[PDB]
Amino acid sequence: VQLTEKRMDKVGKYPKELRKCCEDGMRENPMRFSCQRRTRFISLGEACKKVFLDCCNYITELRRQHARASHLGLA
């Protein structure tokens, strides 16, 4: 989808040493965990967690918007 496009550009906005944190935050969520919950045991600093959390909340909203658009036959 064009969400891949929105993700690629989302990752690029961060310093290179924090990009993987953003990528991991935007992975699929089959266990239906909250973004906060998904940070609890990776336990990597204040920087990586914060980036993980932002990108997670970012992609989560995008997924819902895409789901609504698909449901309404707009996308």
# chains A, B, ... in the order shown; residues from 1 in each chain; ligands from 1
>>> residues_around(residues="residue 4 (chain A)", least_positions_apart="6", cutoff="12 Å", atoms="only C-alpha atoms", output="PyMOL selection string")
chain A and resi 10-11+23+26-27+59+62-63
>>> write_last_selection(atoms="N, CA and C atoms", output="tab-separated table (two decimals), in the first residue's frame")
chain	number	residue	atom	x	y	z
A	10	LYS	N	8.70	8.23	7.27
A	10	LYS	CA	8.63	8.39	8.71
A	10	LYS	C	9.96	8.00	9.35
A	11	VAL	N	10.53	6.90	8.87
A	11	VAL	CA	11.81	6.42	9.36
A	11	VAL	C	12.93	7.42	9.07
A	23	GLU	N	11.36	1.58	12.85
A	23	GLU	CA	10.91	0.48	12.01
A	23	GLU	C	10.23	-0.61	12.84
A	26	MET	N	6.73	0.07	13.98
A	26	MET	CA	5.70	0.08	12.95
A	26	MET	C	5.44	-1.30	12.35
A	27	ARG	N	5.89	-2.35	13.03
A	27	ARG	CA	5.63	-3.70	12.56
A	27	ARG	C	4.19	-4.09	12.86
A	59	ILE	N	1.87	4.97	12.92
A	59	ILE	CA	1.41	3.96	11.98
A	59	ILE	C	0.06	3.37	12.39
A	62	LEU	N	-2.60	5.60	11.07
A	62	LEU	CA	-2.64	5.41	9.62
A	62	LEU	C	-3.39	4.13	9.24
A	63	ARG	N	-3.16	3.06	10.00
A	63	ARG	CA	-3.81	1.78	9.72
A	63	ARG	C	-5.32	1.87	9.91
>>> closest_residue(among="A:47, A:56, A:13, A:20", to="residue 34 (chain A)", atoms="only C-alpha atoms")
A:56
>>> atom_distance(atom1="CA of residue 8 (chain A)", atom2="CA of residue 54 (chain A)")
14.3 Å
>>> closest_residue(among="A:24, A:19, A:60, A:2", to="residue 42 (chain A)", atoms="only C-alpha atoms")
A:24
>>> select_by_dssp(residues="region 1-73 of chain A", states="helix (DSSP H, G or I)", output="count of residues only")
49
>>> decode(residues="region 21-57 of chain A", atoms="N, CA, C and O atoms", output="PDB file, in the first residue's frame")
ATOM      1  N   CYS A  21      14.669   1.550  15.567  1.00  0.00           N
ATOM      2  CA  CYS A  21      13.684   1.679  16.633  1.00  0.00           C
ATOM      3  C   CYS A  21      12.334   2.092  16.058  1.00  0.00           C
ATOM      4  O   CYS A  21      11.288   1.626  16.507  1.00  0.00           O
ATOM      5  N   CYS A  22      12.367   2.965  15.057  1.00  0.00           N
ATOM      6  CA  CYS A  22      11.152   3.433  14.404  1.00  0.00           C
ATOM      7  C   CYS A  22      10.520   2.321  13.571  1.00  0.00           C
ATOM      8  O   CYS A  22       9.303   2.138  13.582  1.00  0.00           O
ATOM      9  N   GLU A  23      11.362   1.584  12.852  1.00  0.00           N
ATOM     10  CA  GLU A  23      10.914   0.476  12.015  1.00  0.00           C
ATOM     11  C   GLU A  23      10.229  -0.613  12.835  1.00  0.00           C
ATOM     12  O   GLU A  23       9.170  -1.116  12.454  1.00  0.00           O
ATOM     13  N   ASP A  24      10.839  -0.969  13.961  1.00  0.00           N
ATOM     14  CA  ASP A  24      10.297  -2.001  14.838  1.00  0.00           C
ATOM     15  C   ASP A  24       8.964  -1.577  15.439  1.00  0.00           C
ATOM     16  O   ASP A  24       8.092  -2.406  15.688  1.00  0.00           O
ATOM     17  N   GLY A  25       8.814  -0.277  15.671  1.00  0.00           N
ATOM     18  CA  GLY A  25       7.590   0.260  16.232  1.00  0.00           C
ATOM     19  C   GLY A  25       6.427   0.208  15.260  1.00  0.00           C
ATOM     20  O   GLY A  25       5.266   0.286  15.663  1.00  0.00           O
ATOM     21  N   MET A  26       6.734   0.069  13.975  1.00  0.00           N
ATOM     22  CA  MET A  26       5.702   0.076  12.948  1.00  0.00           C
ATOM     23  C   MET A  26       5.436  -1.302  12.350  1.00  0.00           C
ATOM     24  O   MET A  26       4.825  -1.415  11.289  1.00  0.00           O
ATOM     25  N   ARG A  27       5.890  -2.348  13.028  1.00  0.00           N
ATOM     26  CA  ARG A  27       5.628  -3.705  12.565  1.00  0.00           C
ATOM     27  C   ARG A  27       4.185  -4.093  12.860  1.00  0.00           C
ATOM     28  O   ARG A  27       3.506  -3.432  13.647  1.00  0.00           O
ATOM     29  N   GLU A  28       3.724  -5.165  12.225  1.00  0.00           N
ATOM     30  CA  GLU A  28       2.353  -5.631  12.411  1.00  0.00           C
ATOM     31  C   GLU A  28       2.096  -5.995  13.869  1.00  0.00           C
ATOM     32  O   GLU A  28       3.014  -6.381  14.591  1.00  0.00           O
ATOM     33  N   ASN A  29       0.845  -5.861  14.298  1.00  0.00           N
ATOM     34  CA  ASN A  29       0.477  -6.109  15.688  1.00  0.00           C
ATOM     35  C   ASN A  29      -0.615  -7.174  15.815  1.00  0.00           C
ATOM     36  O   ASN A  29      -1.757  -6.861  16.149  1.00  0.00           O
ATOM     37  N   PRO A  30      -0.264  -8.443  15.548  1.00  0.00           N
ATOM     38  CA  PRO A  30      -1.252  -9.527  15.578  1.00  0.00           C
ATOM     39  C   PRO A  30      -1.707  -9.875  16.994  1.00  0.00           C
ATOM     40  O   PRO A  30      -2.769 -10.472  17.161  1.00  0.00           O
ATOM     41  N   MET A  31      -0.912  -9.507  17.994  1.00  0.00           N
ATOM     42  CA  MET A  31      -1.264  -9.773  19.386  1.00  0.00           C
ATOM     43  C   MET A  31      -2.095  -8.642  19.987  1.00  0.00           C
ATOM     44  O   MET A  31      -2.443  -8.681  21.168  1.00  0.00           O
ATOM     45  N   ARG A  32      -2.399  -7.638  19.169  1.00  0.00           N
ATOM     46  CA  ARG A  32      -3.271  -6.532  19.564  1.00  0.00           C
ATOM     47  C   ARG A  32      -2.781  -5.798  20.811  1.00  0.00           C
ATOM     48  O   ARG A  32      -3.581  -5.309  21.606  1.00  0.00           O
ATOM     49  N   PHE A  33      -1.466  -5.729  20.979  1.00  0.00           N
ATOM     50  CA  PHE A  33      -0.878  -5.034  22.115  1.00  0.00           C
ATOM     51  C   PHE A  33      -0.856  -3.528  21.877  1.00  0.00           C
ATOM     52  O   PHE A  33      -0.778  -3.075  20.737  1.00  0.00           O
ATOM     53  N   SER A  34      -0.928  -2.754  22.955  1.00  0.00           N
ATOM     54  CA  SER A  34      -0.784  -1.308  22.852  1.00  0.00           C
ATOM     55  C   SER A  34       0.676  -0.989  22.556  1.00  0.00           C
ATOM     56  O   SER A  34       1.555  -1.821  22.787  1.00  0.00           O
ATOM     57  N   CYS A  35       0.933   0.208  22.039  1.00  0.00           N
ATOM     58  CA  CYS A  35       2.296   0.620  21.718  1.00  0.00           C
ATOM     59  C   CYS A  35       3.164   0.640  22.971  1.00  0.00           C
ATOM     60  O   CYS A  35       4.337   0.278  22.931  1.00  0.00           O
ATOM     61  N   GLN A  36       2.568   1.053  24.084  1.00  0.00           N
ATOM     62  CA  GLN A  36       3.269   1.109  25.360  1.00  0.00           C
ATOM     63  C   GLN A  36       3.699  -0.285  25.803  1.00  0.00           C
ATOM     64  O   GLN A  36       4.840  -0.491  26.218  1.00  0.00           O
ATOM     65  N   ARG A  37       2.775  -1.237  25.704  1.00  0.00           N
ATOM     66  CA  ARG A  37       3.028  -2.627  26.075  1.00  0.00           C
ATOM     67  C   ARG A  37       4.173  -3.244  25.271  1.00  0.00           C
ATOM     68  O   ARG A  37       4.958  -4.033  25.799  1.00  0.00           O
ATOM     69  N   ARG A  38       4.275  -2.871  23.999  1.00  0.00           N
ATOM     70  CA  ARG A  38       5.285  -3.440  23.113  1.00  0.00           C
ATOM     71  C   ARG A  38       6.698  -2.909  23.379  1.00  0.00           C
ATOM     72  O   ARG A  38       7.657  -3.344  22.742  1.00  0.00           O
ATOM     73  N   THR A  39       6.825  -1.981  24.321  1.00  0.00           N
ATOM     74  CA  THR A  39       8.125  -1.403  24.651  1.00  0.00           C
ATOM     75  C   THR A  39       8.689  -1.954  25.956  1.00  0.00           C
ATOM     76  O   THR A  39       9.858  -1.735  26.273  1.00  0.00           O
ATOM     77  N   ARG A  40       7.857  -2.668  26.707  1.00  0.00           N
ATOM     78  CA  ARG A  40       8.175  -3.021  28.090  1.00  0.00           C
ATOM     79  C   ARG A  40       9.399  -3.909  28.306  1.00  0.00           C
ATOM     80  O   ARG A  40      10.104  -3.753  29.301  1.00  0.00           O
ATOM     81  N   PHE A  41       9.657  -4.834  27.390  1.00  0.00           N
ATOM     82  CA  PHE A  41      10.718  -5.809  27.623  1.00  0.00           C
ATOM     83  C   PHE A  41      11.865  -5.753  26.615  1.00  0.00           C
ATOM     84  O   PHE A  41      12.836  -6.501  26.728  1.00  0.00           O
ATOM     85  N   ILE A  42      11.757  -4.860  25.638  1.00  0.00           N
ATOM     86  CA  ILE A  42      12.886  -4.566  24.772  1.00  0.00           C
ATOM     87  C   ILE A  42      13.807  -3.622  25.524  1.00  0.00           C
ATOM     88  O   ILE A  42      15.018  -3.602  25.287  1.00  0.00           O
ATOM     89  N   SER A  43      13.211  -2.845  26.425  1.00  0.00           N
ATOM     90  CA  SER A  43      13.939  -2.042  27.403  1.00  0.00           C
ATOM     91  C   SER A  43      15.234  -1.399  26.919  1.00  0.00           C
ATOM     92  O   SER A  43      16.290  -1.650  27.482  1.00  0.00           O
ATOM     93  N   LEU A  44      15.152  -0.583  25.873  1.00  0.00           N
ATOM     94  CA  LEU A  44      16.342   0.053  25.308  1.00  0.00           C
ATOM     95  C   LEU A  44      16.290   1.584  25.410  1.00  0.00           C
ATOM     96  O   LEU A  44      15.755   2.256  24.530  1.00  0.00           O
ATOM     97  N   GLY A  45      16.841   2.116  26.498  1.00  0.00           N
ATOM     98  CA  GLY A  45      17.033   3.547  26.669  1.00  0.00           C
ATOM     99  C   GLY A  45      15.782   4.407  26.625  1.00  0.00           C
ATOM    100  O   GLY A  45      14.672   3.901  26.468  1.00  0.00           O
ATOM    101  N   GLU A  46      15.970   5.715  26.767  1.00  0.00           N
ATOM    102  CA  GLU A  46      14.869   6.664  26.668  1.00  0.00           C
ATOM    103  C   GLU A  46      14.680   7.098  25.219  1.00  0.00           C
ATOM    104  O   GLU A  46      13.592   7.512  24.817  1.00  0.00           O
ATOM    105  N   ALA A  47      15.751   6.986  24.442  1.00  0.00           N
ATOM    106  CA  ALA A  47      15.761   7.440  23.059  1.00  0.00           C
ATOM    107  C   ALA A  47      15.051   6.467  22.125  1.00  0.00           C
ATOM    108  O   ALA A  47      14.177   6.861  21.358  1.00  0.00           O
ATOM    109  N   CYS A  48      15.427   5.196  22.194  1.00  0.00           N
ATOM    110  CA  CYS A  48      14.856   4.191  21.306  1.00  0.00           C
ATOM    111  C   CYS A  48      13.387   3.929  21.626  1.00  0.00           C
ATOM    112  O   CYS A  48      12.572   3.755  20.722  1.00  0.00           O
ATOM    113  N   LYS A  49      13.057   3.902  22.915  1.00  0.00           N
ATOM    114  CA  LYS A  49      11.678   3.709  23.352  1.00  0.00           C
ATOM    115  C   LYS A  49      10.775   4.837  22.867  1.00  0.00           C
ATOM    116  O   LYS A  49       9.663   4.596  22.397  1.00  0.00           O
ATOM    117  N   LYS A  50      11.263   6.069  22.982  1.00  0.00           N
ATOM    118  CA  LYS A  50      10.492   7.241  22.585  1.00  0.00           C
ATOM    119  C   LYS A  50      10.234   7.229  21.081  1.00  0.00           C
ATOM    120  O   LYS A  50       9.128   7.524  20.633  1.00  0.00           O
ATOM    121  N   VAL A  51      11.260   6.878  20.310  1.00  0.00           N
ATOM    122  CA  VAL A  51      11.131   6.770  18.860  1.00  0.00           C
ATOM    123  C   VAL A  51      10.189   5.629  18.472  1.00  0.00           C
ATOM    124  O   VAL A  51       9.341   5.786  17.593  1.00  0.00           O
ATOM    125  N   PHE A  52      10.346   4.487  19.136  1.00  0.00           N
ATOM    126  CA  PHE A  52       9.476   3.332  18.933  1.00  0.00           C
ATOM    127  C   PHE A  52       8.025   3.740  19.148  1.00  0.00           C
ATOM    128  O   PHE A  52       7.148   3.405  18.358  1.00  0.00           O
ATOM    129  N   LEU A  53       7.793   4.477  20.228  1.00  0.00           N
ATOM    130  CA  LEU A  53       6.452   4.858  20.647  1.00  0.00           C
ATOM    131  C   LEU A  53       5.795   5.820  19.657  1.00  0.00           C
ATOM    132  O   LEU A  53       4.619   5.669  19.320  1.00  0.00           O
ATOM    133  N   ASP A  54       6.559   6.806  19.195  1.00  0.00           N
ATOM    134  CA  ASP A  54       6.056   7.794  18.246  1.00  0.00           C
ATOM    135  C   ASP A  54       5.664   7.148  16.926  1.00  0.00           C
ATOM    136  O   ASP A  54       4.572   7.383  16.410  1.00  0.00           O
ATOM    137  N   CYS A  55       6.567   6.338  16.383  1.00  0.00           N
ATOM    138  CA  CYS A  55       6.324   5.669  15.112  1.00  0.00           C
ATOM    139  C   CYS A  55       5.192   4.657  15.228  1.00  0.00           C
ATOM    140  O   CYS A  55       4.420   4.467  14.289  1.00  0.00           O
ATOM    141  N   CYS A  56       5.093   4.012  16.387  1.00  0.00           N
ATOM    142  CA  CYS A  56       4.020   3.058  16.631  1.00  0.00           C
ATOM    143  C   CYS A  56       2.665   3.755  16.620  1.00  0.00           C
ATOM    144  O   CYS A  56       1.734   3.306  15.955  1.00  0.00           O
ATOM    145  N   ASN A  57       2.561   4.854  17.361  1.00  0.00           N
ATOM    146  CA  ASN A  57       1.331   5.638  17.397  1.00  0.00           C
ATOM    147  C   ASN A  57       1.018   6.266  16.045  1.00  0.00           C
ATOM    148  O   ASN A  57      -0.145   6.449  15.686  1.00  0.00           O
TER     149      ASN A  57
END
